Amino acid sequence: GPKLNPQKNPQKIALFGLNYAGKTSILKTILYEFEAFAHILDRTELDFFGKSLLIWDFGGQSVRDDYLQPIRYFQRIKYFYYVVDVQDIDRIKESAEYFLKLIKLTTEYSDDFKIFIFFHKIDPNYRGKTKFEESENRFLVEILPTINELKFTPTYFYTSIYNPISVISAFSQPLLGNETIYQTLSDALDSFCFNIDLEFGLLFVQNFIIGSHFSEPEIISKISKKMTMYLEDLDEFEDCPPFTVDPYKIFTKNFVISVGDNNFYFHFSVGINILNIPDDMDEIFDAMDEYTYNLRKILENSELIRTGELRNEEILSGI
């Protein structure tokens, strides 16, 4: 997948937890499903879908607290993903202790992030439910008084790598809620355009813009209006022809997610400057095709698709 623009400061997803909690396994699930979104050089840092991922272990019996690391690592955190092995009840108190330490550190250096707890290794159809619940409740007993004092509202997920949709849904749903989807898609488009030297990129659903990136902001209104008119003249389920908005040529791919009897029609559009046409247009088309396939897949996790409701004002307020 595409690199992030190194002159830019992406938002971070922190994937934290005790050693053995399952985080590398969770990461690899995402990477096997969405390699097209990942810049792949055990890795502790990688770029994914317009975000920077930080995957760090804590605790255990080795000489365990090596995070107390430069301050830059706790800056720009927007998503705090914390993995808790609920089979390992004896380590739950240790897990909660690091959780609280890391939340306090993150609050010191990052201003506005949200918390997602992955209650992990809840393997499908298998006994163990009493222990799983006891571990989850013990974790919450340890962490909620502090969370409540700090006025967080964490989200709880229930995951297992042996049921990979649970992991894919937990990891992707936070990025694609109505409050975060526009920024997520916009940052993903920025990375996509940077990686192959495109001028701008837009994503639409039902002809409404849900993500946008422009290397020149002066043209946003003009291109957005022209794209709206172009899309409103297109029929369902045909290739979208290229067109020119001088000096740009714009290429569009369409994709669809059905929810019951209803379709959500999406469009992915990117622009090149005709006065500097890339030497390898095939590379751009092949990249767009692969990206579109994976965008369709990850957007199955958006609140839009999960509820079957396009809430324009909520998406615009999320910005």
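In case it trips you up, residue 1 is the first one in the sequence shown, and so on.
Where coordinates are absent for parts of the deposited sequence, a chain break appears; between neighbours residue 41 and residue 42 it spans 4 to 9 residues. The segment from residue 68 to residue 69 is interrupted, since 1 to 3 residues of the deposited sequence in that interval carry no coordinates. Relative to one another, 77 to 85 and 124 to 132 have unequal mean CA B-factors, and 124 to 132 is the one with the higher figure. Comparing 266 to 274 with 42 to 50, the higher mean C-alpha B-factor in the PDB entry belongs to 42 to 50. As recorded in the PDB entry, 101 shows the highest C-alpha B-factor of the residues 249, 101, 91, 226. Ranking 196, 167, 210, 188 by the C-alpha B-factor listed in the PDB entry places 196 at the top.
Annotation for residue 171: C-alpha temperature factor in the lowest third relative to the rest of the modelled chain, per the entry.
Split the chain's modelled residues into thirds by C-alpha temperature factor. Residue 105 is in the highest one. When all modelled residues of the chain are sorted by CA temperature factor, residue 24 is found within the middle third. Residue 63: CA B factor in the highest third of modelled residues in this chain (values from the PDB entry). Among all modelled residues in its chain, residue 30 ranks in the lowest third by Cα B-factor.
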